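Asks: One structure is given below, represented as structure tokens, and several questions about it will come after.
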Amino acid sequence: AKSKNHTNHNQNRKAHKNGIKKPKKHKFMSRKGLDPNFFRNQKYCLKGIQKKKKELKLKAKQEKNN
Amino acid sequence: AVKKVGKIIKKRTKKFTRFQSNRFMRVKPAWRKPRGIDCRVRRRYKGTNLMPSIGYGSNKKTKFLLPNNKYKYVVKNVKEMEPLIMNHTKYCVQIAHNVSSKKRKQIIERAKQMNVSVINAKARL
Amino acid sequence: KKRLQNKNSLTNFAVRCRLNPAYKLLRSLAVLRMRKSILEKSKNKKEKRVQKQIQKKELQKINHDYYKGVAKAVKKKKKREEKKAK
Amino acid sequence: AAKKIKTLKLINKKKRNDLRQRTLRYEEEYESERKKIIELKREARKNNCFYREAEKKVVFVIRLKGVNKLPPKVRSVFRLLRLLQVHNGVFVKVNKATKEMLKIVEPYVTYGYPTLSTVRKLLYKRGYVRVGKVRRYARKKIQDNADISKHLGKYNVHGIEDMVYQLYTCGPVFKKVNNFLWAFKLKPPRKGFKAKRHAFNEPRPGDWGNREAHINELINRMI
Amino acid sequence: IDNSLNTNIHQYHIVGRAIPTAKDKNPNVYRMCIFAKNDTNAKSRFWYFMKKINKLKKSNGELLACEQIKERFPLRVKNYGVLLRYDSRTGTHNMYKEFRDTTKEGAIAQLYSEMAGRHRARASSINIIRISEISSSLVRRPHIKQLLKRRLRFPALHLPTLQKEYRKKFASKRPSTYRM
Amino acid sequence: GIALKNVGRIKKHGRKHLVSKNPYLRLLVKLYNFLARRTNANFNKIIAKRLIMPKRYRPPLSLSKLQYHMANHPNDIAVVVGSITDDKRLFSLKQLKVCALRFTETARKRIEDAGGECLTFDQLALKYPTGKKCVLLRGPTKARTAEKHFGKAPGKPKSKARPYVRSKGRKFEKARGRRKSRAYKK
Amino acid sequence: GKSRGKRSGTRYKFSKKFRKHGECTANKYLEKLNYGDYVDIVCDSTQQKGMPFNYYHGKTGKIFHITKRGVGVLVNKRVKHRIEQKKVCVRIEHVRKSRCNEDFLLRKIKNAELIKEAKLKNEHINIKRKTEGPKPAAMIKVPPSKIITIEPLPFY
RNA sequence: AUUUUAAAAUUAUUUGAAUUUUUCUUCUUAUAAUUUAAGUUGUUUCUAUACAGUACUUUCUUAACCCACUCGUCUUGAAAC
RNA sequence: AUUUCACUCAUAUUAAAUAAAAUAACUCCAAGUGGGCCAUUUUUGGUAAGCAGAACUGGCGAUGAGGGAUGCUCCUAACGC
Ligand SMILES: [Mg+2]
Ligand SMILES: [Mg+2]
Ligand SMILES: [Mg+2]
Ligand SMILES: [Mg+2]
Ligand SMILES: [Mg+2]
Ligand SMILES: [Mg+2]
Ligand SMILES: [Mg+2]
Ligand SMILES: [Mg+2]
Ligand SMILES: [Mg+2]
Ligand SMILES: [Mg+2]
Ligand SMILES: [Mg+2]
Ligand SMILES: [Mg+2]
Ligand SMILES: [Mg+2]
Ligand SMILES: [Mg+2]
């Protein structure tokens with residue numbers, strides 16, 4: 001009628017069977033809920049940079065064909 | 001017990017009999033693998049029947065040779081033994097069980113002309 | 001390549017010289033210096049003594065002094081402790 | 001072409017001559033160091049001083065126990081020292097880090113300091129090599145010098161006496177030379193042990209300690 | 001020459017000190033004399049006593065000499081007096097004992113056997129202090145005084161000790177123990 | 001005994017042979033195995049491996065995406081180990097040279113009408129033995145619908161997996177567990 | 001019944017040390033932090049806002065968010081067969097600039113000049129650290145008067 | 001059917017230098033042979049001047065020496081009273 | 001903050017040592033299991049127990065071989081012919 005009710009015998013043997021896994025160490029993370037009013041400005045900065053870069057690319061495509 | 005004649009080596013000669021086949025006559029001697037808890041043959045206790053294993057296997061270079069030191073091919077009529085005219089020093093023939101005496105005489109006298117040996121050239125005579 | 005018998009690299013002369021291209025010279029030198037000695041028996045084992053008189057008598061005083069000092073210090077400790085007991 | 005042969009045959013000859021010269025130099029080095037140590041002590045006794053000798057830099061370690069019933073930290077160190085079964089033996093460089101790795105497993109091993117002729121006997125009678133691409137190695141017994149030069153001659157070691165030199169003295173090429181060799185597999189000793197249970201420095205018959213120069217006697221019997 | 005009569009005990013002379021530091025740069029130098037089976041055991045005992053008596057552990061010390069003192073007159077007979085200290089089952093004690101031999105370690109070997117036989121004291125519970133030679137007029141024990149009379153004589157009363165080859169198991173006449 | 005893992009034996013983790021029984025595919029496998037071995041080129045090794053994969057790892061490629069991939073590579077050859085299909089959304093096509101395992105009828109007609117050509121792999125073995133001026137391309141391998149059900153279970157927070165449902169509508173699994181008004185959302 | 005509350009078992013961990021009670025100093029509020037810095041979490045129990053949980057006391061992580069008076073930290077934690085990354089949001093009083101990284105920075109700054117000189121004179125120098133090792137031989141001079149003989153002691 | 005090659009060792013004639021001063025002293029600085037290289041070869045006798053014999057191969061039967069609890073099942077645990 | 005451009009940081013001994021470290025990483029589809037017990041060391045209730053309840057390792061279960069006369073768990077040591 002009465003039986004066992006707790007132990008953790010054997011538990012880390014199973015844990016170390018397939019090693020202790022680490023996180024995957026990515027390069028970028030998502031800035032979803034992070035500091036507002038600083039990343040909206042960053043979006044504006046990157047839009048300006050992209051406009052300049054693509055204007056130069058279009059210009060070069062315009063001269064090179066004469 | 002190892003038996004060796006020339007280059008042929010046999011790693012054992014006794015059969016692997018089934019467990020308990022000497023005590024119960026409803027149990028046939030053909031080997032079956034013991035399964036089921038508490039066997040003493042499955043658990044490799046000393047003093048009981050041994051189990052077969054891949055370790056007793058024969059040499060690849062001498063795996064199917066007879067003491068004649070030739071391979072055996074079984075023929076049923078004359079036309080089947082014509083591929084032996086190119087490989088007569090490595091093969092020997094044996095005549096099948098259900099061929100008649102008249103057919104056997106011809107098979108034997110052709111094997112004699114081809115210089116191939118016959119394993120059972122004494123039956124039905 | 002097919003594997004062959006493995007030859008004893010210390011007792012087989014051909015493979016020993018194959019692996020060590022300088023072993024023949026060293027063995028020859030050792031053999032020469034070994035024969036020279038035995039050809040000078042009843043003429044060796046004499047000079048050894050006359051030079052042992054040359055240098056061992058010089059080393060003897062130093063060794064004797066060293067061991068004498070060690071024994072004397074060991075005795076001094078004993079007397080110093082025995083007197084301390086009372 | 002046929003000229004493909006003559007140049008190779010000349011290169012082999014010059015390589016052999018260079019190996020001979022280097023071996024002679026090694027012999028001179030051994031003799032000179034042996035004779036310098038033997039007078040520095042004799043001079044120390046004259047001038048009322050002591051001469052403390054340099055410590056060793058190399059050990060040779062032998063496993064004493066089987067593979068069952070061991071704590072995990074012992075198994076990790078055995079894996080890192082490349083001792084895998086009962087009577088295996090390897091060389092180890094002496095550091096502050098290897099010493100602390102070695103204290104973990106001391107009650108299961110015995111080790112000490114090897115001489116020159118012991119290194120030579122181990123290399124000639126029980127020397128095996130790893131031959132192949134990386135991670136596929138095919139243990140081969142030495143029998144020749146071409147396998148050594150192919151893998152390891154970029155560091156100017158073409159021969160077997162060169163590895164003896166780099167092992168008996170921790171030369172600049174020691175990690176590669178030592179990692180090049182398969183772990184040694186040894187017989188049981190010829191007159192048995194005393195008691196593996198107990199230590200070498202216990203007042204009883206025992207084995208498992210560090211026995212400094214008495215390792216040569218043991219490994220000549222279980223060669 | 002006869003390896004069935006040898007004991008494995010020798011004597012050693014070991015010298016040590018501590019590694020010099022910025023606070024201490026002329027540390028004390030210590031010496032001892034130990035009886036052991038080989039020099040490795042002697043070094044073990046040296047560091048044991050350095051740690052117990054002084055504050056010197058091996059891992060911040062350094063050794064300076066190990067010499068193995070030999071015996072000068074190995075065929076003359078001496079008298080020896082030993083001072084002991086050993087642990088019993090219910091305490092710790094200390095004793096003085098006397099032996100007769102031709103070498104100091106030849107006497108230390110006797111001492112270990114006597115202390116096992118008479119008291120069941122293992123080698124790990126025994127510390128040896130101050131082996132020394134003593135004159136014949138200052139001997140204290142009765143069993144040493146016996147042997148230094150003017151004219152020592154006695155008959156030989158042991159049973160024979162024969163070779164294994166002439167130890168024939170099944171004899172034809174029952175032998176005698178008299179041998180005069 | 002000895003303390004090794006997977007005792008002394010090395011593990012490999014993929015397909016080893018053809019499963020298919022097309023005799024022509026078996027001849028192709030033999031040919032490119034020989035080419036891979038006798039000229040270790042890294043171009044014939046990859047091809048010898050790719051034409052062993054199962055169907056799901058040889059997806060089709062559309063005409064428009066093929067033309068997009070070859071825009072900066074005029075007078076070169078595109079190599080695909082799948083089928084290529086037509087695309088009605090393109091208005092015009094350029095001149096292209098393409099080797100592929102299969103072409104559909106409409107795609108084959110469109111390619112040849114613009115002055116291009118279609119090649120099989122046994123011709124590419126005969127003209128470009130080591131793949132000079134050739135570009136290896138693949139189609140989208142995770143665009144199959146079955147891959148939309150894999151990943152985290154639908155129900156774990158912020159997952160994207162589709163569920164398996166009889167049909168779709170307001171009455172089919174939209175009430176409790178997908179909106180705040182019935183006790184929680186996802 | 002079982003009692004697993006939020007601050008259970010924090011009697012000695014979350015209490016001020018001897019003769020060191022009181023709130024923080026004024027210079028605590030002038031510390032400089034940037035994104036990606038290393039940081040230590042040490043709970044200060046005189047400020048009850050932004051209190052970290054029991055487990056994350058004494059751990060080290062990297063910054064991923066900065067606010068008016070708070071900091072977000074990335075900390076590892078082991079869960080039964082794997083390590084999970086946790087995002088801990090604490091107030092500024094329970095945050096300390098980490099010191100675990102200073103030897104690397106001093107080493108880089110110092111070795112830069114050595115490399116600059118070595119390449120200036122065309123040399124082959126080693127800059128990797130060195131494990132402590134065996135010692136060379138030396139001749140140690142000691143007068144026979146300074147050696148003292150010692151022997152085991154009798155029992156009292 | 002072309003890595004049982006190359007090299008190495010040996011022996012007998014050689015082309016030159018050393019040193020350890022020599023019937024195993026070194027350095028393939030020229031040709032021939034041999035194996036110690038490059039995993040066993042030879043000589044006599046018997047079976048026998050046989051055709052199934054008491055010899056050889058093989059299958060049964062019966063001894064000796066050592067060893068061997070009744071299978072299947074549920075069970076932490078079965079030879080189980 | 002980001003975007004460009006210029007200059008420059010050991011490497012062949014690898015920014016400390018050691019490593020039959022890629023026998024790695026990831027995705028898919030599924031089985032059996034979810035009554036346990038024992039030993040050294042720490043440890044709660046009980047006068048105690050071959051009693052009841054926990055912790056870290058190693059075992060027995062799922063496992064035979066040599067030894068302890070004998071013995072599921074002790075010592076040596078794990079298994080092709
Ligand atoms: Mg059979
Ligand atoms: Mg069972
Ligand atoms: Mg014994
Ligand atoms: Mg034990
Ligand atoms: Mg095995
Ligand atoms: Mg707390
Ligand atoms: Mg039931
Ligand atoms: Mg069960
Ligand atoms: Mg029950
Ligand atoms: Mg049963
Ligand atoms: Mg019963
Ligand atoms: Mg159940
Ligand atoms: Mg077991
Ligand atoms: Mg008993």
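If you're wondering about the labels, chains in the structure tokens are A, B, ... by order shown, residues count from 1 in each chain, ligands from 1 in order shown.
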Could you list, as a list in words, all protein and nucleic acid residues with an atom at most 9 Å from ligand 1, counting only C-alpha atoms (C1' of nucleotides) and all ligand atoms?
Replies: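 Answer in the requested format: residues 10, 11, 12, 13, 14 and 15 of chain B.
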Asks: Mind writing the picked residues with N, CA and C atoms as an mmCIF file, in the first residue's frame?
Replies:
data_model
loop_
_atom_site.group_PDB
_atom_site.id
_atom_site.type_symbol
_atom_site.label_atom_id
_atom_site.label_comp_id
_atom_site.auth_asym_id
_atom_site.auth_seq_id
_atom_site.Cartn_x
_atom_site.Cartn_y
_atom_site.Cartn_z
ATOM 1 N N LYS B 10 38.488 -27.854 -39.654
ATOM 2 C CA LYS B 10 37.158 -27.768 -39.071
ATOM 3 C C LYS B 10 37.299 -27.405 -37.603
ATOM 4 N N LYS B 11 36.544 -26.408 -37.165
ATOM 5 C CA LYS B 11 36.675 -25.889 -35.814
ATOM 6 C C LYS B 11 35.851 -26.654 -34.794
ATOM 7 N N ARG B 12 34.947 -27.521 -35.235
ATOM 8 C CA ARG B 12 34.144 -28.372 -34.369
ATOM 9 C C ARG B 12 33.471 -29.406 -35.252
ATOM 10 N N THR B 13 33.170 -30.567 -34.680
ATOM 11 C CA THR B 13 32.480 -31.613 -35.423
ATOM 12 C C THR B 13 31.179 -32.081 -34.795
ATOM 13 N N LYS B 14 30.953 -31.846 -33.508
ATOM 14 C CA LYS B 14 29.723 -32.274 -32.869
ATOM 15 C C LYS B 14 28.603 -31.282 -33.152
ATOM 16 N N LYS B 15 27.376 -31.784 -33.139
ATOM 17 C CA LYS B 15 26.219 -30.938 -33.364
ATOM 18 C C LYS B 15 25.889 -30.141 -32.109
#
Asks: Neighbours of ligand 6 within 7 Å, counting only C-alpha atoms (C1' of nucleotides) and all ligand atoms, as a list in words?
Replies: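 For ligand 6, the residues inside 7 Å are residues 7, 8, 9, 10, 13, 14, 53 and 54 of chain G.
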Asks: Kindly provide, as a list in words, all nucleotide and amino acid residues lying within 9 Å of ligand 8, counting only C-alpha atoms (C1' of nucleotides) and all ligand atoms.
Replies: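 Those within range of ligand 8 are residues 75 and 76 of chain H; 36, 61 and 62 of chain I.
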Asks: As a PDB file with N, CA and C atoms, in the first residue's frame, please: all residues of range 27-109 of chain G that backbone DSSP puts in alpha helix (DSSP H).
Replies:
ATOM      1  N   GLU G 102      39.771  41.339 -16.017  1.00  0.00           N
ATOM      2  CA  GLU G 102      40.799  42.374 -16.026  1.00  0.00           C
ATOM      3  C   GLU G 102      42.171  41.853 -16.437  1.00  0.00           C
ATOM      4  N   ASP G 103      42.488  40.599 -16.113  1.00  0.00           N
ATOM      5  CA  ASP G 103      43.785  40.062 -16.501  1.00  0.00           C
ATOM      6  C   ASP G 103      43.932  40.002 -18.014  1.00  0.00           C
ATOM      7  N   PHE G 104      42.863  39.650 -18.725  1.00  0.00           N
ATOM      8  CA  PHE G 104      42.896  39.638 -20.183  1.00  0.00           C
ATOM      9  C   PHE G 104      43.188  41.020 -20.753  1.00  0.00           C
ATOM     10  N   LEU G 105      42.551  42.059 -20.216  1.00  0.00           N
ATOM     11  CA  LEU G 105      42.745  43.407 -20.741  1.00  0.00           C
ATOM     12  C   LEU G 105      44.146  43.929 -20.458  1.00  0.00           C
ATOM     13  N   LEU G 106      44.631  43.743 -19.227  1.00  0.00           N
ATOM     14  CA  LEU G 106      46.002  44.141 -18.925  1.00  0.00           C
ATOM     15  C   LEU G 106      46.993  43.377 -19.791  1.00  0.00           C
ATOM     16  N   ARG G 107      46.745  42.085 -20.018  1.00  0.00           N
ATOM     17  CA  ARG G 107      47.635  41.286 -20.852  1.00  0.00           C
ATOM     18  C   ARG G 107      47.670  41.802 -22.283  1.00  0.00           C
ATOM     19  N   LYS G 108      46.510  42.142 -22.850  1.00  0.00           N
ATOM     20  CA  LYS G 108      46.498  42.663 -24.213  1.00  0.00           C
ATOM     21  C   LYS G 108      47.260  43.978 -24.308  1.00  0.00           C
ATOM     22  N   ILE G 109      46.962  44.916 -23.402  1.00  0.00           N
ATOM     23  CA  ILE G 109      47.623  46.218 -23.443  1.00  0.00           C
ATOM     24  C   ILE G 109      49.127  46.066 -23.267  1.00  0.00           C
TER      25      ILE G 109
END
Asks: Could you give me, as JSON lines, a per-residue list for chain C showing, wherever an atom lies at most 8 Å from an atom of chain G, the closest pair of atoms and their distance in Å to one decimal, using only C-alpha atoms and sorting by chain then residue number from low to high?
Replies:
{"residue": "C:73", "atom": "CA", "partner": "G:149", "partner_atom": "CA", "distance": 7.0}
{"residue": "C:74", "atom": "CA", "partner": "G:149", "partner_atom": "CA", "distance": 6.8}
{"residue": "C:77", "atom": "CA", "partner": "G:149", "partner_atom": "CA", "distance": 6.6}
Asks: Quick one: write out the picked residues with N, CA, C and O atoms as a PDB file, in the first residue's frame?
Replies:
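See selection35.pdb below for the written result:
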ATOM      1  N   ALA C  73      78.100  15.438  14.863  1.00  0.00           N
ATOM      2  CA  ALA C  73      76.866  16.186  15.094  1.00  0.00           C
ATOM      3  C   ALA C  73      75.761  15.294  15.647  1.00  0.00           C
ATOM      4  O   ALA C  73      75.007  15.710  16.550  1.00  0.00           O
ATOM      5  N   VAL C  74      75.652  14.070  15.125  1.00  0.00           N
ATOM      6  CA  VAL C  74      74.648  13.145  15.642  1.00  0.00           C
ATOM      7  C   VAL C  74      74.892  12.848  17.117  1.00  0.00           C
ATOM      8  O   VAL C  74      73.945  12.702  17.896  1.00  0.00           O
ATOM      9  N   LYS C  77      73.826  16.016  19.401  1.00  0.00           N
ATOM     10  CA  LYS C  77      72.390  16.103  19.660  1.00  0.00           C
ATOM     11  C   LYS C  77      71.978  15.164  20.789  1.00  0.00           C
ATOM     12  O   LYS C  77      71.180  15.535  21.663  1.00  0.00           O
TER      13      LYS C  77
END
Asks: Report as a count of residues only: the residues of chain G with a DSSP assignment of strand (DSSP E), based on the backbone of this structure.
Replies: 42
Asks: Measuring atom to atom with only C-alpha atoms, identify which of D:7, D:26, D:199, D:46 is nearest to chain G.
Replies: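 Among D:7, D:26, D:199, D:46, it is D:46 that comes nearest to chain G.
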Asks: Determine, counting only C-alpha atoms (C1' of nucleotides), which protein, DNA and RNA residues have an atom within 12 Å of an atom of range 23-37 of chain B; residues of the same chain fewer than 2 positions away are not included. Present the result as a list in words.
Replies: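 Once the adjacent positions are removed, what remains is residues 15, 16, 17, 18, 19, 20, 21, 39, 40, 41, 42, 43, 44, 49, 50, 51, 52 and 53 of chain B; 70, 71, 72, 73, 74, 75 and 78 of chain H; 62 of chain I.
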